[PDB]
């Protein structure tokens, strides 16, 4: 539904904290390590990157929904603002988020870009 080409450019806003790197080490987008690798994130189980120290809130969503993977819809909501997304799922207004960056536009496009590299 989104446009991956605009998504790729907008992802510049994410790359301070996230890379897109394939399992063989191929860099699609070089980025930081503060947040998890986002290669393959679309259709991935929520908070499931081994070795990453996730916050308590996103782990609670995964524990409550053990089979739940990132849908495009959920990704669009989460990247808009992680906090209300966690609050809705956990029912805890104090739910912890390690990510507070907000993307108020072009969300579907960034998600389309990520989907192109979630083969």
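Numbering follows the first chain given and starts at 1.
Asker: Look over 34-42 and 50-58 in the entry and identify the one with the greater average Cα temperature factor.
Answerer: Mean CA B-factor is higher for 50-58.
Asker: Thinking about Cα B factors across the chain, which third does residue 18 belong to?
Answerer: According to the entry, residue 18 has a C-alpha B-factor in the chain's lowest third.
Asker: By the record's CA B-factor, is residue 71 among the lowest, middle or highest third of residues in the chain?
Answerer: Its C-alpha B-factor belongs to the middle third of this chain's values.
Asker: Please place residue 87 in the lowest, middle or highest third of its chain according to the CA B-factor in the PDB entry.
Answerer: Within its chain, residue 87 is a middle-third residue by C-alpha B-factor, going by the deposited values.
Asker: So where's residue 24 on the chain's Cα temperature factor ranking, which third?
Answerer: Tercile = highest for this residue's CA B-factor.
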